[PDB]
Amino acid sequence: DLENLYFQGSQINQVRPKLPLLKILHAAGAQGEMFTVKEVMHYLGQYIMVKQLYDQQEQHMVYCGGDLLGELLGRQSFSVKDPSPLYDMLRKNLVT
Ligand SMILES: COc1ccc(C2=N[C@@H](c3ccc(Cl)cc3)[C@@H](c3ccc(Cl)cc3)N2C(=O)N2CCNC(=O)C2)c(OC(C)C)c1
Numbered sequence: 027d028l029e030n031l032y033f034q035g036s037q038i039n040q041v042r043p044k045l046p047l048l049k050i051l052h053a054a055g056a057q058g059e060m061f062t063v064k065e066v067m068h069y070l071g072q073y074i075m076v077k078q079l080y081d082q083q084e085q086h087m088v089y090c091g092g093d094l095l096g097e098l099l100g101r102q103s104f105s106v107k108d109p110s111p112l113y114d115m116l117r118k119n120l121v122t
């Protein structure tokens, strides 16, 4: 079966975060250095919540400037409603 052959070894699609992103994920309670992309997104959400980087009045707005997270994103701020910067950063910082 060619569909099985294709997907064997590629059904979970684990990634290894680059060291600066791994440090963010650990800060959010993550353990180890291999994750699903879904786990990476969970821990990034949790990081923003526990470091209080979001605007209490406009909770979709993240103010990441002067945080390691803003360094990785290359941004002072972003909206979760317009997450192009997060896509860019994860493409660059998640290995295989
Ligand atoms: C209206 O207020 C909201 C609405 C949605 C999100 C959100 N939306 C989720 C989301 C957003 C964009 C992408 Cl590409 C993926 C997931 C996810 C998330 C995951 C990673 C990052 Cl870096 C930021 C947010 N994510 C969250 O992490 N949320 C989900 C809802 N409530 C929360 O406390 C946490 C949100 O996130 C805060 C952390 C800023 C706030």
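Going left to right, the sequence shown walks through residues 27 to 122 as our numbering numbers them. From the three backbone atoms N, C-alpha and C, an ideal C-beta is built for every residue, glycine too.
query	result
Does the beta carbon of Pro46 fall short of 7 angstroms from some heavy atom of ligand 1?	no
Using 7 angstroms as the cut-off, classify the Cβ of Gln57 as near or not near the heavy atoms of ligand 1, replying yes or no.	no
How long is the line joining the alpha carbons of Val76 and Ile50, rounded to whole angstroms?	11 angstroms
So is the beta-carbon of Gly92 under 7 angstroms away from any non-hydrogen atom of ligand 1?	no
Rounded C-beta distance between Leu70 and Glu59? I'm assuming under 8 angstroms.	Rounded, the Cβ-Cβ distance is 15 angstroms, inconsistent with contact.
Using CA atoms only, rank isn't needed, just tell me which of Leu45, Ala53, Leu79, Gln34 is closest to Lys118.	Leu45
Could you pull out every residue in the same chain whose Cβ sits closer than 6 angstroms to the Cβ of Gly92, ignoring the five residues on either side in sequence?	none
Given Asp81, which residues of its chain have a CB within under 7 angstroms of its CB, disregarding the five upstream and five downstream residues?	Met87, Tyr89
Can you say whether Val66 is buried or exposed, counting buried as having 16 or more other CB atoms within 10 angstroms of its CB?	buried
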